[PDB]
Structure formats: C-alpha cells, structure tokens
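Novice: so I pulled this structure from the PDB, and the sequence comes with it:
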Amino acid sequence: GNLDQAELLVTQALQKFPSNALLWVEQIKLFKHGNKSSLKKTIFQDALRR
Amino acid sequence: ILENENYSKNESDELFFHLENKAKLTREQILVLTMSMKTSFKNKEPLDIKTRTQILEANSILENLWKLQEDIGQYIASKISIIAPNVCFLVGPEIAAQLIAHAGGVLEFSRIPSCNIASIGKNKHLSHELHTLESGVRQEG
Amino acid sequence: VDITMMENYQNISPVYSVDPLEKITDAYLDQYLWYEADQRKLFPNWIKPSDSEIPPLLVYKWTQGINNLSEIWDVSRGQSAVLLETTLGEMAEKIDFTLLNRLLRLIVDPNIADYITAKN
Amino acid sequence: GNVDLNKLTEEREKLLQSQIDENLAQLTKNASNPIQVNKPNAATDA
RNA sequence: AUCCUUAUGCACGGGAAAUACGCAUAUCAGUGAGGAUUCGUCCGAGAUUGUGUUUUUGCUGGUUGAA
C-alpha cells in the first residue's frame, strides 16, 4: 500500500543515479497511480531530458 | 439528452433540453454541439441495447459522483471560515472552498505554486471557443 | 491590430494594420488556402471576382449570359424576367466566429480554422 | 445660450467648501496621451 | 607546479547596433514583474510613469573656397 515511501525511494535513486531509465519508468508508474494526476507531463519531460 | 429519443430527431425540446436539463450549456456551446451533430453524430440507433444500458449506468454513476463532490465542496465552504480563514478573507468563502476542494486540503493548495492557482476552475480551454478579452486575462477560473 | 480609418471621402473606413510578423503567416495562409481551394474546386463558377475576368469583362460576360438564355426576350405568353441585385448588408461585420469556425472545419484542417478564428 | 448649465453652477456654488476646492485631484490623463505621443513620435522620429 | 569550468575586471583582435542607450529624492516589483498553455500546467525578471538625447557625442585630416 505504501506509495509515499516508494516515491521517496525513487527520488533517492534519482539523486544517486539520474540517467537510469528504470528509475524514471518507476517514477512515471507511480505518477500514473493518480495521487498528483498533475506535474505529470512536466515529470515526463524531465525524465525524457535525463 | 442525446439518447432520450421520441421527438429528438426533429426537435424535442432538443435545443431546449440542453440549456435547461444540462444547466451548464451556454448558447455558443450549444451552437457548436448542433454543428457537430449536423456533421459527425451518426444518429443510427445505438450499436446494441446493451451498450446503451452501459452508457446509462455510467451516466448514473458519474452524476452521483459529481453530486457527492458538490456536497463535499459545500461542506468545505461551510467549514472554511474555520479551516482557511486568511484565504477566505482575501477572496470570499465560496471561492476559497472551490480552490481548496480542487487542491485537496489547505496544505495541498499551499503546495500549489501561485502561477497555477489562477487557472483552477477554468473551463477546459477549447481551440474553437473564443478567448481574447478586453481584460487581457488569459486564465479566468 | 490598429485601425487607421481610410479617406474615401464619399464613405470612410477601414484599414487594419496587422503586426508585421503575423502578417507573413497570414499572407502564406491566404496564398495556400486560395491555391488549395482552386485546386479542389471549393468555390463555384458563380462566385466573383474570378482570376479570369477583369470586372468590365465579367460585366460583359454577364450581359452575354442574360442575352443568351433560351427565349428570355420573348414576352408574348406573359413572361417576366427579373434581375434582382442586392448588397448582402453587413455580411463581414456579422460573421459569427463559432459558426464560421465550424464551417471552416468542413473545408480546412481544424487547426487552421481555429487559428483563423483566433486571428479574427 | 448658457441657460442649461446655470442651475448646475448655482448648485455647485451652494455646495462646495474651500477645503474641497483646495483638494481637487489634479487630474491624470486617463487616455494615456503622453505615452502615445512618445511612442508614435519615436516611431516616426523623421 | 600543469590543465580546465564559472563569473567578473582590464585589455589585443574581430563582428553587429545605435528605432538605440541612458537618467530618475518617482510608483510597483522572486512576500511574484512580465509572460507562455497541448488547459493538465509551464517559464520566471522586470514593469509602470516621468524624462534626456537618439537621420547621432568627442576628437582629427584633406581639398577647397573665402578672395
């Protein structure tokens, strides 16, 4: 059930290794869950950039 | 409304129903809807009765959800003079409720950056609908 | 858009000075649609001014047509020809944009139509 | 010939204080004329 | 000690523009100026007003005429 924790983990991973696509994918998946349902497109863009 | 049938092919109350039954529908909106119908609405009886039933069910559920949301908003408004008093003072209680409800909580609203706040409660920006105002205010909301 | 009014003494108005950058875009659109329309025969034979007829020529053609209908000048049987002219008054000045947009969306790509509407 | 405004003038005379007269809002150009002048002139600085 | 990134200061050199560049006992401005938008959101630093010059500032050289 825990999603905030997951998000935190993802963030940490990004901080450690930014370019890793799997982390980005995970983040995207998390976003898709629909807590934000926003900052979504921007996040995607960021992922693409990285 | 579209589904309703009976006198719907000529004019029920067709263009009457939109303004009254779907209270939101403004003249401009209605005109475009009509245009769309004239062009792209196939008006052959629904692919199956089952499909129609499903759509009806969806409508019922969706409507209920909307009602619930509205109720929640109302509740928030009633409360917000206690919840987010400063915001209310700045704006007005109903407006505050609308904003806050949209956000989530007050915390959520706070987290929202100021430039975004503007375009909360905006009607989905359609390409076809005119926009430029004498105001110069892009957001409305 | 700025509107310097004209100086046709008998009756003035209007000249719309559009922004130079946008103007290019507008110009291109004008060129393209007109080209495209001509290719695809959007506009009937009856609409004027055509690229072919200079207005005096057009007038001449019209006259010829009027003459060259079957038994038009015969009035033995009580025939009545009637040549109704009229100005479609305020045509441009009461084009509703929503309706216009919709109409365009029949004949152009919707994006273009939208753009046109925005510009107007 | 100046008959329509006389009454108004009289009313004004009756009403106003000295203080009020003193504190008239020295008026701003609502139609932002000087800006316009600056702009056009600049554009057509010959 | 060598090499590099950043900013700035001085300068060689090369280029573009001056319709541009200032100035203010002004008014307001990252506690949001001004903008974008696919409408979800995004960018984020000047804007307003006043005003000075602005087919130009400072300096040189030539021919000439003037006579």
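Specialist: That came in fine, so what should we check first? Residues are numbered from 1 along each chain as shown, chains lettered A, B, ... in the order given.
Novice: is the closest residue to RNA strand E within chain A in a helix, a strand, or coil?
Specialist: The nearest approach of chain A to RNA strand E comes at residue A:38, 3.3 Å away (Cβ to the nearest atom of the strand). From N, CA and C alone the C-beta is placed, and that goes for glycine too. Put simply, residue A:38 is coil when judged by DSSP: H, G, I helix; E, B strand; the rest coil.
Novice: number of nearby residues for it?
Specialist: By other Cβ atoms under 10 Å in any protein chain shown, the residues close to residue A:38 number 12.
Novice: what's the distance between it and residue A:31?
Specialist: 9 Å (Cβ to Cβ, to the nearest Å).
Novice: check residue C:27 too.
Specialist: Taking Cβ to Cβ, one finds residue C:27 at 44 Å from residue A:31.
Novice: secondary structure of residue B:23: a helix, I assume?
Specialist: No - according to three-state DSSP, residue B:23 belongs to no helix; its state is coil.
Novice: tell me, how many residues neighbour it?
Specialist: Neighbours of residue B:23 (other Cβ under 10 Å): 7.
Novice: could you do residue C:105 as well?
Specialist: Residue C:105 has 21 nearby residues by other Cβ under 10 Å.
Novice: nearest residue to it in space, ignoring adjacent ones along the chain?
Specialist: Residue nearest to residue C:105 in three dimensions, not counting chain neighbours: residue C:113, with 4.9 Å by Cβ to Cβ, 6 or more residues apart in numbering or on different chains.
Novice: contact partners for the one you found?
Specialist: B:128, C:101, C:104, C:105 (Cβ atoms under 8 Å, 6 or more residues apart in numbering or on different chains).
Novice: out of the residues you listed, what pair is the most spread apart?
Specialist: Greatest spatial distance in the contacts of residue C:113: B:128 and C:104, 9.6 Å, computed using Cβ to Cβ.
Novice: list the residues that contact both of those two?
Specialist: In contact with both residue B:128 and residue C:104: C:110, C:113, C:117, using Cβ under 8 Å, 6+ apart.
Novice: count the neighbours of the first one for me.
Specialist: When you say that, I think you mean residue C:110. 14.
Novice: tell me which element residue C:3 is part of?
Specialist: strand C:2-4 (DSSP states H and E).
Novice: quick one, helices of chain D?
Specialist: D:6-15, D:18-22, D:33-43 (DSSP state H).
Novice: need the distance between the two termini of stretch C:82-99.
Specialist: Distance between the two ends of stretch C:82-99: 33 Å, counting by Cα to Cα, to the nearest Å.
Novice: looks to me like residue B:59 is in a helix.
Specialist: Yes - counting by three-state DSSP, residue B:59 falls inside a helix.
Novice: ok, residue D:45 to residue A:40 distance?
Specialist: Going from residue D:45 to residue A:40 by Cβ to Cβ gives 51 Å.
Novice: give me the more crowded residue out of those two.
Specialist: residue A:40 (13 against 6).
Novice: thought that one was touching residue A:31?
Specialist: Yes - between residue A:40 and residue A:31 there is a contact under Cβ atoms under 8 Å: 5.4 Å.
Novice: just to revisit the earlier point, of all the shared contacts of residue B:128 and residue C:104, which comes closest to residue B:90?
Specialist: For those, with residue B:90 as the reference and Cβ to Cβ as the criterion, the closest is residue C:117, at 36.1 Å.
Novice: need the contact list for the residue of chain A found nearest chain B.
Specialist: Using Cβ to the nearest Cβ, the single residue of chain A nearest to chain B is residue A:38, 8.8 Å away. Residue A:38 sits next to no residue when contact means Cβ under 8 Å, 6+ apart.
Novice: among residue C:27 and residue A:31, which residue is more densely surrounded?
Specialist: The neighbour count for residue C:27 versus residue A:31, taken as other Cβ under 10 Å, is higher for residue A:31 (20 against 11).
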